[PDB]
């Protein structure tokens, strides 16, 4: 039976690096790595370097597409130093590593030959502010599609992709667990924009950011491993993030192991798991590349859309 997809193991995937140079130190890697992530330079070589090659092939080809349409329209012909921005989505559960995957990809792409402006935007910035989530009764549904300003998000990406000189995104504080009054992240005609968040691959009765992606990544694992990663990170954060007395979640710092395991499982149960099953996981079939992790965080399997 034919298939839109081709499966790979790590063996088969890493043979597709060919000549791609590794342009990243073990220290540089460390500063991109998230708490509890296991990615090392081997993973970068065997997994991210083929990915970066695939993308660089598709960038140039994807630009022929937009050029056909401008030829058709009888249009100027595009300043070769403002091409149509290549837009990359990165999706997956809370805790699955997707933020690391995206920072790593940005660093690999920024170090490609001619130094492309490669911007990274997470959807956190487009969450409704808490006072607005309260109004909507959504303070316990952060991460659910409806907790985001999806219209503002779509505007932002439509602005960038349509060639705008600048586009602004709001900024979320993880310390305060709320949007920061007055803060802007300003994206300036980048060559590549990576957009990272839980539900970025969603589709619906309107045109959405997924409809603008030229390439998409989904970072996957079994649900039970993700929960284990999530709980263990919650426990770890008792002495990193929760320890700051300003942290919205400071009360958690003084939880016993067992108490924190109880809190963490409840949050997973009531918020993150439902979101993953109801909203995120149904977007996986469309991702261009699914990156499949084993219980140790290791990417050992891959699924590429060839159609």
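Positions refer to the first chain, counted from 1. Basically, rigid core = biggest C-alpha set you can superpose within 1.5 Å across the two forms.
Larger average C-alpha displacement in 7 other deposited structures of this protein, relative to the shown form after a rigid core fit, is seen for 6 to 14 when comparing 6 to 14 with 287 to 295. Farther from the shown form on average, by C-alpha root mean square after a core fit in 7 other deposited structures of this protein, is 110 to 118, of the stretches 97 to 105 and 110 to 118. The stretch 162 to 170 shows the higher mean C-alpha B-factor when 162 to 170 is compared against 140 to 148 in the entry. The PDB entry reports B-factors from which the mean C-alpha value can be compared for 290 to 298 and 20 to 28; the larger average falls on 20 to 28. Among 267, 281, 241, 41, the highest C-alpha B-factor in the deposited entry belongs to 41. When the C-alpha B factors of 129, 125, 116, 197 are read from the deposited coordinates, the top value falls at 116. In the PDB entry, a CA B factor belonging to the lowest third of its chain's modelled residues is recorded for residue 237. Among all modelled residues in this chain, the alpha-carbon of residue 274 has a temperature factor (C-alpha) in the lowest third. Split the chain's modelled residues into thirds by C-alpha temperature factor. Residue 211 is in the middle one. Remark: residue 107 belongs to the middle third of its chain, ranked by C-alpha B-factor as recorded.
Ranked against the other modelled residues of its chain, the C-alpha B-factor of residue 218 as given in the entry falls in the lowest third.
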